[PDB]
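A.B. asks: Input: one structure, supplied below.
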Amino acid sequence: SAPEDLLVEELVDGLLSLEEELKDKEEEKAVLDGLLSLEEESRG
Amino acid sequence: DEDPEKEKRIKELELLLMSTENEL
Amino acid sequence: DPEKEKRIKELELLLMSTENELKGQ
Amino acid sequence: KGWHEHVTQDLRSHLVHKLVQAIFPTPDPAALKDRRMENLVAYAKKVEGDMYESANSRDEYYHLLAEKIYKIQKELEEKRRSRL
Amino acid sequence: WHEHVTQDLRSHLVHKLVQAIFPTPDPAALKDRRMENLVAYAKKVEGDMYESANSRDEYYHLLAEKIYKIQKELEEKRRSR
């Protein structure tokens, strides 16, 4: 456990970044779905 | 990635965005 | 850090439950 | 970052609006007052912010915005085709 | 105590580690490099604990300590942000 305590720091950051990324992809997905439901409703 | 017209589209969008300067 | 012991035990339990999850019949 | 000194709040706002309009062009049939639309504008603000933070030049900034718009548009087209 | 621990169990424990650190339903996250780095880290940790521990309970304890620490770090950084 010499360089590992630092590894812990990189790994964690990576995970946090991936977390944000995923959240935001889901946000995007949601917003697009919203847009398509709006599009449909206007068309009928 | 695997689109021909992608570059063209991107430049078109760049243009559209730049045209925001001269609209002010 | 207070609740640390509690969580540690919880994690120990979670890990032990991996033993009795692996079986056929 | 240097290039930030030559970019105004107003311009950024306008760019956000242009983003929104490029994603979902709407001549307001009361659509701007809908929550989904507001969610789009918010998303656009986030995107614009991210590009403003990341870019190291005005040109790069415009480029990145354009890339992201293109991506969103492609995804939206694909989803529209899927929902036919 | 090594005589009573199987390769399968160790594998499962690695997986449990991973899931406890970063619970993910997604399949497309598992294909990401950061996730792979986590699985690798977990394997290394499990190895180190397998080598070091002088009993099954000690082993579990050490694994748990490590998980806890990683979780705490992650939580702290989340709160920070």
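All residue numbers given for chain E refer to Swiss-Prot; the residues shown span 591-671 in order.
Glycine is treated like the rest: Cβ placed from N, Cα and C.
Feature list, courtesy of Swiss-Prot:
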{"type": "MOD_RES", "residues": "E:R600", "note": "asymmetric dimethylarginine"}
{"type": "MOD_RES", "residues": "E:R624", "note": "asymmetric dimethylarginine"}
{"type": "MOD_RES", "residues": "E:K656", "note": "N6-acetyllysine"}
A.B. asks: Counting all other Cβ atoms within 10 Å across every protein chain shown, which of the modified residues E:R600, E:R624, E:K656 scores highest?
C.D. replies: E:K656
A.B. asks: At the Cα level, what's the spacing in Å between E:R600 (asymmetric dimethylarginine) and the residue listed as 'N6-acetyllysine', rounded?
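C.D. replies: Cα of E:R600 (asymmetric dimethylarginine) to Cα of the residue listed as 'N6-acetyllysine' measures 16 Å after rounding.
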A.B. asks: Filter the modified residues E:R600, E:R624, E:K656 down to the ones with a Cβ under 8 Å from chain A's Cβ atoms, keeping sequence order.
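C.D. replies: Qualifying residues, whose Cβ lies under 8 Å from chain A: E:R624.
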